Amino acid sequence: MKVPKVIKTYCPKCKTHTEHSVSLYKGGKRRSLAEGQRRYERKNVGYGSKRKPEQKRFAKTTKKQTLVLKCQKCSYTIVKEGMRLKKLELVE
RNA sequence: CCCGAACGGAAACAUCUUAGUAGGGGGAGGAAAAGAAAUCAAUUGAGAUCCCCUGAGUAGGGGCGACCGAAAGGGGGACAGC
RNA sequence: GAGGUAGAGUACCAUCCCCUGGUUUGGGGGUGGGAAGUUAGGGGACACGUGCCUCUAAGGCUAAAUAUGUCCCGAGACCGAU
RNA sequence: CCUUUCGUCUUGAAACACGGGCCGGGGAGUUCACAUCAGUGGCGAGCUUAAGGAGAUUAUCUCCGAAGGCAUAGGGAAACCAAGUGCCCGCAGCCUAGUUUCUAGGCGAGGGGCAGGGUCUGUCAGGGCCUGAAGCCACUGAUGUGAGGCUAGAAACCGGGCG
RNA sequence: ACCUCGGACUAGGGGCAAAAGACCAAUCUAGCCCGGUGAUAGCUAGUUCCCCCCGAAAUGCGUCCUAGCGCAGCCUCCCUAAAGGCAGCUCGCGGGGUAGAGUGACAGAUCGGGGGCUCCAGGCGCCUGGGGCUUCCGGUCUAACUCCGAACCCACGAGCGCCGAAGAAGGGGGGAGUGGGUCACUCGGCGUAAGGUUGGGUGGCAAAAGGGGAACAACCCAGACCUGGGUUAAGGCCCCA
RNA sequence: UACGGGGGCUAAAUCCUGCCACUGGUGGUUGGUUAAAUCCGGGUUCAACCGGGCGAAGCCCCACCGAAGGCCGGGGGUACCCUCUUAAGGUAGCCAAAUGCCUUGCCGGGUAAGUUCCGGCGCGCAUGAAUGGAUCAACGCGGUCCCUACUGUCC
RNA sequence: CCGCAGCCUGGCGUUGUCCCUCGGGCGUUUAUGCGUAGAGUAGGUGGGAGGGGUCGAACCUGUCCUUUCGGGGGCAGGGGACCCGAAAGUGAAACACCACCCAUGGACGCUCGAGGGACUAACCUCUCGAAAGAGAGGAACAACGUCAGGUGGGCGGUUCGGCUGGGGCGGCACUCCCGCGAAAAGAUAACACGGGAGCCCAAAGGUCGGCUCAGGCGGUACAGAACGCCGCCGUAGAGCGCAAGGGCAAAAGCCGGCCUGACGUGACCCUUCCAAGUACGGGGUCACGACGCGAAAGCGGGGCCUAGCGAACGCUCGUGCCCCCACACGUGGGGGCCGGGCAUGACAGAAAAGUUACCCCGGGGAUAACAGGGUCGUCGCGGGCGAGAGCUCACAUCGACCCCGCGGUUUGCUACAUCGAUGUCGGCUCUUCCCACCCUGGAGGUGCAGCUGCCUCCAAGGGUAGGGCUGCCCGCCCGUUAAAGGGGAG
RNA sequence: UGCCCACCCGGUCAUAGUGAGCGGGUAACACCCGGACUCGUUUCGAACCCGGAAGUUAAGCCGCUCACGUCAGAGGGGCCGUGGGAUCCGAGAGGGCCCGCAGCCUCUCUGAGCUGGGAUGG
């Protein structure tokens, strides 16, 4: 697909339809020392089999594409619903 | 007091649990152990330890799965401290 | 009033391992470092700082209150010779 | 005169399926704890004493002992907030005169439907939950769950010894 | 590389094996005994007093699931609740594309003739044969065609009819088994077929004795409180009888 | 204490498993490099120090020598052609082998008949010379086939 | 799927002393600096108009080093005492003193490397020695401990999907969708049939406006059946993204204009999933708010409608706050919500390879193999009919294409019976049955001179061998005989 | 008066349609006049938009006739189902019969526009 860089949509803080910056969604860094991460080593310490099952088989060819819009007039950022696509082209 | 199991359970099973039990080794006594806080808790309080009833399946742990699982305080027993 | 004493590879720290709810927080050990020590230290749920509160280890030793039937008295909605 | 042999598995299969010589004796849904219900009783905005102590003809018994737990308010993670009333239909019973024999009408407990209120959430409608004042204890009972778990039945694996 | 005797040593996930997974005490794809341990069984067999009342399913969805379970439906028992409830029919009023029928009403399938137009081959401008196009006329089929279209089945209202305060629409609660069905008839599909399989509806049987069909789970008659009398059903009536 | 210690295939024995591309040497050269000694110039009041021409042998190069070391494939196509290692591409043998499908290749032996076996010829789908192919002396309670003698195995 | 031994490498400790070249440093020792304008070396910031001054300066004269030989910096004597300005320039001034930074070199005690070397006193190896102790070689290595990484079926535990007309192979009927199945309510099976999806579209989306298609006819240069143009007809025969079904004409089709509603938040409801429980997903109807389109009504939370998709846990993102302790407070760091993404196609979500013919266990006739029953595609046989050949003539005999029947001799399916056993091929012996008659008996026809033939019908009383090859059956063959029939009886 | 006759606004959505022929208009309705302004023609006043308005029943509109399409009625012909039941027939396929219902096609003939709300014309 093709999507323009700027889309006039509603801004919750601006309480009307405003211009926005549109870009793909990117996951953040794993951010070690998380509670869900801390227990991993505390569960991996000692002797035993691979404590947590890990996925090895993959079925879906692609992954869901998500749109991220930022509200220029108030620096707000909104999170949109995902969708399955080949590759979301950001060219206007 | 050291060493240290599998069986099963998770309807599979590997983390986990079954479990510091079964069992090994050492060493006593008629009881042993422990015993005088680097204890608690929290509006500035209590006052060794032990066991009994509660606190309580609460706190908290774990493919958050089966399950495991306190303490503090209160109530009893005798309450000895050098 | 003045002066003095008050326990080291011990606390504590990093790491690996063990276990217990102890979890970024517990205790033990191996390994490496490693203090202060009275004008000392520790502790008061992640770390650090600040104040406030309470204890003083790294040596002892200890009456009773409970664990049990190889045994001895007693009792029993325990059976009558497969 | 009419009549396939017991039990079980089983769509039927029982009669070519299994287990069945005879007799006698033995022999299999129990125990606890929790949860929940029923039935039963005691008390009641309380209930309930445990563990435990004292006295006693001594495990019986009597008194004492709320320790505690459940209910007595819910929402949400929290900071916190935090109700119990108001309409209507209407059973039994009662009252009214007829009782002609009675929904003829009222009163109407209970109950039902619209409400309302507290709470979080949503910017309002809303949405989720709670709220109309009764549970606790004791016995027996039943079922689920955990313990060998109705009875009996395996290859397995492990520890320690003995060849 | 003979054979054998007495002594001695090698221990089980080990020992030995001129090695067959052989032997190691009759126990060897991992020795024995005792203890974990009353291990694990979604499997297999048994499960014991009487009377009486009531009284099923073999289906759907999910499941490393089809030899079991969860949620349903189907049962029994209890309490509350207080006038309606509806397994049938009739009327009224709606829904339908199936049986059938049609193909010039689409989609396709498919047989022939006639007329005209066009091209080619042959023969003497003509004729014949063949090729393409059109028109007209005729016929043959459709689970995946429907211009039409029943019986029929279903919704709702009213009516009829039945049950109902002796024995009660709704609500709550305790306890289950049931998830392998089969056959007969009837309308399908698969397959020629099948006491085959797989669907819709009904009926038994399962759990239903009694009478007939010779005996018999299911075929017909017909639902066993008991004794007795009588009349009858499905069937039968020469003898067995 | 390596003619050893341990580990792996095998089972005795016998026989089959044209080329100078590189090096070495020899011979030579248009041509390039090449030490010591010597000449010239700068520079130094002379010496130390910088560049220019001559510079032997060896090396750079070519050809030959393989009873000099030694070497001597595969693929494409139809035993042969062709690029490269590096020059060519291993002759030869064996075979109805366990290899051959037409099958019982055909024929002969052996019997009345032989789907068994043996041997011979040659159509090699698809042998192509190494942990392979061929090979039987002696040996075997090994397996198959045939003959004699034998004989109640049979009729 | 993995885990643990062992092995290799490296780090740390047992780990000592001299060094040695270089590159790093540690705390020190010191000394070295011109874009232009200007008395002139302003390298860049500070306190600082005072700093030096028998608490020794200006002046010039040389020895000396260096440099962009610009020029400054260090030497005592000759000289016994003087210069910079708060004054002139510089986007930034004082060679007025003392500080910081960059930058060049050497050295001091310590550390690390590229490393290298040496020694012995650790320690190791061996010998002597009763002990004590001594001697010989390697060496701060090795070896051990510990940690990490690589390898690691040497050893240990495990799984080895599901559906299935036995199982495996086969395929996915295992996730969702169209029609048919399917029988005019709904629901309704098949490893039934014909098919699709794991997307694509910033425009293929919203709205407004305009035009009407496929196709055919007549006339015009190139001109053509079909490029364009002018007229006539054309009820969909086109087109609408992707399979099918349906729907659609001033449109949902085609062409332009403007847009981003393919909207945020909170809802109810349909299908999923009938009656009669339920995850997703899709879809519909809303309110609040703001948008966009059009004059407007109004229409727009995606595609004309029906397929285009993923729980817990954990991770990440956005969101405004909330919480972090047995004392409070501060900072950091964490935790929670609410929603989004990261996947599981075995698609209602374990992390998962083969053999066991050395197997073992509890079962299974809910189920394979031999053996009954049902059936008859095949097999054998029969009959109908009759193209054809036989000299003529279908039926003496052969009968093609077709059609209708029988048997349950093999062979195909069926799983009703048997899995706590109905012991499996052949053959031997022995008994019996049947007739679709091989011979023997009777009768007949004949393309029957006679024999030999060929064929039909009746007839099951009797007989129907012996050998070779092959285990058989089957099959080939030998020599006689009347021939050397075929089948049943678990 | 009137009512229907067209018109504007419709409902029914073909019995109301299509095609041809003819008839009707001095109002109504169109045809038709012209574009400077409004607006507008990826050329054009074609069309649309605006300003109009001579002529005119030829279009259209309207009525009528005839054809076809199409709804019904009747006739002829075509074709033929299904519920309910039986130890009825038939081996089966199938069929009859008693109890209840039908419809389908195709030719012939006969009809074939209805109606609400308002300003013109008779």
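In terms of the authors' numbering, the first sequence opens at residue 1 and continues consecutively. For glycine and all other residues, C-beta sits at the position ideal for the given N, C-alpha and C.
The alpha helix (DSSP H) runs of length 4 or more contained entirely in the stretch 13-63 are, from start to end of the chain, 35-44. Nearest to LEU88 by C-alpha distance, out of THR62, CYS74, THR18, is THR62.
For the pair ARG30 and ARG39, the Cα-to-Cα distance works out to about 15 Å. Apart from the 5 residues on each side of it in sequence, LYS73 sits with its Cβ closer than 7 Å to the Cβ of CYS11, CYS14, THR18 in its chain, given in chain order. One Cα belongs to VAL45, the other to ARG51, and the distance between them is close to 10 Å.
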